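**Q** here goes the first bit of my complex:
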Amino acid sequence: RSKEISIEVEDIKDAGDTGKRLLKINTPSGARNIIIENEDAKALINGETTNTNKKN
């Protein structure tokens, strides 16, 4: 009868929507895409800014 019963993210009944997205994410870039909504701030944190991002 198995040994571990590896649950999945959606089995965690009091996890939040952003919380489940973060738990599923594999890389730091993916996490930043979830967490940072302001596109100019995200661009700064990614070290990749256009002239429009810089002005903003």
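**A** Perfect, thanks for sending it. Numbers count the residues shown, from 1 in each chain, chains lettered A, B, ... in the order given.
**Q** quick check: closest non-adjacent residue to residue A:33.
**A** residue A:42 (7.3 Å; C-beta to C-beta, 6 or more residues apart in numbering). Every residue, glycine included, has its C-beta placed from N, CA and C.
**Q** how near is the one you found to residue A:15?
**A** As defined by C-beta to C-beta, to the nearest Å, residue A:42 lies at a distance of 24 Å from residue A:15.
**Q** tell me where chain A has helices.
**A** A:17-24, A:28-35, A:39-45, A:51-55 (DSSP state H).
**Q** would CSV of those with distance to residue A:5 and mean neighbour count be doable?
**A** Conversion of the helices of chain A to CSV gives the following (distance: least, C-beta to C-beta, whole Å; neighbours: other C-beta atoms under 10 Å):
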stretch, distance to residue A:5, mean neighbour count
helix A:17-24, 17, 12
helix A:28-35, 27, 12
helix A:39-45, 37, 14
helix A:51-55, 46, 10
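**Q** tack on chain B:
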Amino acid sequence: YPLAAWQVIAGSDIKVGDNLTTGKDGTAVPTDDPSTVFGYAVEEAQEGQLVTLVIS
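**A** Chain B, in position alongside the others:
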């Protein structure tokens, strides 16, 4: 004597396939929250009747 299925007095009305957990007085009652699940019923039973279901 490792039993694959038990006969437990229903603490309520139980439908076929319902996941069961402990209830008042140690009776078997329907649940929905994995952790409390110890077995799944294989037959319908009314409160006070035995219900037979596989462990797992």
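**Q** return the residues of chain B in contact with chain A.
**A** B:33-34, B:55-56 (C-beta under 8 Å from any C-beta of the partner chain).
**Q** which of those residues sit farthest apart?
**A** In the residues of chain B next to chain A, two members sit farther apart than any others by C-beta to C-beta. They are B:33 and B:55, at 17.6 Å.
**Q** circling back: need the residues of chain B next to chain A in JSON lines (columns: secondary structure).
**A** Formatted as JSON lines, the residues of chain B next to chain A follow (DSSP: H, G, I helix; E, B strand; the rest coil):
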{"residue": "B:33", "secondary structure": "coil"}
{"residue": "B:34", "secondary structure": "coil"}
{"residue": "B:55", "secondary structure": "coil"}
{"residue": "B:56", "secondary structure": "coil"}
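**Q** OK, contacts around the nearest residue to residue A:24 once chain neighbours are set aside?
**A** Of all residues not flanking residue A:24 in the chain, residue A:9 sits nearest, at 5.5 Å (C-beta to C-beta, 6 or more residues apart in numbering or on different chains). By C-beta atoms under 8 Å, 6 or more residues apart in numbering or on different chains, the contact list for residue A:9 reads A:15, A:20, A:23-24.
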